[PDB]
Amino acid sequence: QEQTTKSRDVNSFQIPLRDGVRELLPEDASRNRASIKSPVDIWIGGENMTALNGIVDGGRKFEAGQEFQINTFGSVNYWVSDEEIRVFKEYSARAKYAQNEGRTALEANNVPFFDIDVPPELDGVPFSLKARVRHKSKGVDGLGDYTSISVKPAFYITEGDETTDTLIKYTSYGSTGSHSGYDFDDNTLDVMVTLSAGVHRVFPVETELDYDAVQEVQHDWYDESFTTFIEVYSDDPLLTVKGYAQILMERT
């Protein structure tokens, strides 16, 4: 129907890969070729591709890091994930008390962590990091029901990569009272963080060791606190993206 023509122009750019079946390339009569690399496994297909319940039909996989080409001028669809936001961790275990003793010390004392891989596309770009946080003190470890516990949850994050030792403490709120830990009373820790490209390690911790906890139930650093990081997540569009596909496009 349409004769092949030479491509004069190259255009290179990044596509944000998001959730569900979405268009990777639009119908574009000018386009002759696209060379594409996805940082995650990616399913590629035509208008028939669907992904009901995370099962792709009418697609085929290309691997993370695999360079491939599409030479059509028509619409092309992708699927990578059904995750609407980015959930880093969900914890049921109470978080530990921790002073800023550095990465090695926290790992040595079994403080759970997770890593954020900051893509070049997010290098030095501020983003929202949140947690759903549950404080419960009433009767916990036998603590009095009316004992006032001060809490201040934090993320301790490496300023360099996961091989460096120094941590930056990030906080957004403090709270004091007798915590009943009812699910509807959960707090939101919400900080902006700005990170260099690469992997950064994050330790969700309780920073406040309350005098009353020390006296009544012999709590000490690295012990389980009255604070639990129910969910650590981001709904920031910069983080909910599953990765950026690299595109070199050629057009007439």
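Note that residue numbering begins at 1 and tracks the sequence as displayed.
Trainee: Of the two stretches 76 to 84 and 154 to 162, which shows the higher Cα B-factor on average in the entry?
Mentor: Looking at the recorded C-alpha B-factors, 154 to 162 comes out higher on average.
Trainee: According to the deposited model, is the average Cα temperature factor higher in 42 to 50 or in 212 to 220?
Mentor: Averaged over C-alpha atoms, the B-factors run higher in 212 to 220.
Trainee: If I read the C-alpha B-factors straight from the PDB entry, which of 176, 99, 171, 71 is highest?
Mentor: The listed residue with the largest C-alpha B-factor is 176.
Trainee: Just the C-alpha B-factor column, please: which of 148, 104, 110, 128 has the biggest number?
Mentor: The record points to 148.
Trainee: For residue 7, does the deposited CA B-factor place it in the lowest, middle or highest third of the chain?
Mentor: For residue 7, whose C-alpha B-factor we compare with every modelled residue in the chain, the answer is the middle third.
Trainee: Lowest, middle or highest third: where is residue 63 by Cα B-factor in its chain?
Mentor: Its C-alpha B-factor, which the entry lists for residue 63, ranks in the lowest third among residues of this chain.
Trainee: Could you look up the Cα B-factor of residue 205 in the entry and say which third of the chain it sits in: lowest, middle or highest?
Mentor: Answer is lowest: the recorded C-alpha B-factor places it there.
Trainee: Check where residue 140 lands among this chain's C-alpha B-factors and tell me if it's the lowest, middle or highest third.
Mentor: CA B-factor rank for residue 140: middle third.
Trainee: Where does residue 34 sit by CA temperature factor within its chain: lowest, middle or highest third?
Mentor: Within its chain, residue 34 is a lowest-third residue by C-alpha B-factor, going by the deposited values.
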